[PDB]
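Next come structure tokens for two forms of one protein chain, structure 1 first, structure 2 second.
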Structure 1
């Protein structure tokens, strides 16, 4: 019912009991405090409207799927779609004050994988990791998500710009289904957990990224899609083509997009999406064997744009782009 919070947790790995079990970085601060893991979400009059972009350093997200401070964003992917590599890029190339990672997983190898990534990350002294493996009970698996959220909420009240990562909502929902059965069934826990992020008028912000594993979409993908403020789809087909990040721009959205980017930006993003739509249309004509050079000048122009459009979309995972670099690059692609 209560957990450790404070700057003393920076660099620490926290298990479903709230105890520090490992450290991936050591910090000056020793402030440790105690707060309850669940408390009510901010009243509607305490939330601020989402108005400021949360820059990720990822070209396709920052230009076409621009996130906002306080926004809750879903990441939908099947296994083997680079879900973990995208989250590592989000941590590495964004500009949050503090990163809180909650791993609701099965195998301990995944926890060590993240601890090893954090151990060599430039953001390591601003991160807290909460984990729960398969050996832990369903109750402990759920509490890992509440501990991570409460840790992020303390940093929000201190005024920090916080990024929260829950991986995954799917395995969290499974454990919540088991905890229900123990009561004879409490699923109401999902919206309650997901309304806690946001920007407070009197404090900082929690920008939250929730992972959802796809089979095709579970009812769990459909519900979760409707409460969040946007979703990124990781296309297994685009992954097999060698495109990383495997983000399907045309199937992804950020519902706060028009409120967090200016008018010049919105014009370039709309022109780029129309270019993507023409390219995927041209791809089908090519697969049909109906494209033949020199016959349709419109198709030839689209065809000659494919290489630099693909170049704009792809991104080395160790590289991050400023907002000015991204808008400059997308300008060249649409000319």
Structure 2
């Protein structure tokens, strides 16, 4: 729906339901600025936008080296359901360096909200974070406003000059509420269940981040559930065309317990070239080649030479949920791999 919510620095630390009223806190802020603002703004004008040049730093070896984000980039995260997803999302909030985090949970169960709120309660970031949510027992309309409230909230801190990270968990549940609305209103399913309206409403939502000439950015990570194929779920093909790339979490890698379960084969930052230097571009392309050739101890046979590179590769890609690496560390460690 078309609507107004609360924004401001008073909301830092807050949990916000799909109306706009705080229902819990993971932190207490000393500021109490609380303006009332529209939930459905338009994207910035092409004349208002900065170019994407400086990286968004996550702290996660495998994205900061091979899928570097740009401040103001809009990134997909494609994952089947589970922890994998929320393991990666917890790290982005932990080991990135954004000024503010706005997190929008859509359509999950109540336990899934509580888990995020407990995560937040134990994050040093907790004072820089806002959480909007809509569980599955709320209505289609309310699930769509969660997305809008959370963007709306991220938008305020952007005109106040902050570098903002935005997370929408399940775009595919945004979009499904979006359609149950359109079908309630009485509209004809075009594409595979979905009124043509939802796919013209999508660019408007997704182009409201990121970076502005006046200073202010919203880098936006957006989740997409993988349940069936590009024929059966139209979203993935559409979301792919509108966003600036995508991290693919792998079931195969997860089912072996490689975490984070990122298939760099299937992932791309579309702003890579323009946010990392030519040093990087090369070393990164190196490593990908390496990965390709590993496909082709235990413990004393001179096969040893194999196992010890698999194990620096596997050691580089794996990361402990508590550890953030900075550019240098990441870049050093990747150098130490291809020599």
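For clarity, a rigid core is taken as the largest C-alpha set superposing within 1.5 Å between two forms. Numbering follows the first chain given and starts at 1.
Comparing the forms between structures 1 and 2 on their rigid core, the Cα displacement of residue 301 reaches 2 Å or more. When the rigid core is fitted, residue 242 shows a C-alpha shift of 1.7 Å between structures 1 and 2. Superposing the two forms on their core, we find that the Cα atom of residue 267 is displaced by 0.9 Å between structures 1 and 2.
In the core-aligned comparison between structures 1 and 2, the Cα atom of residue 81 sits 5.5 Å away from its counterpart.
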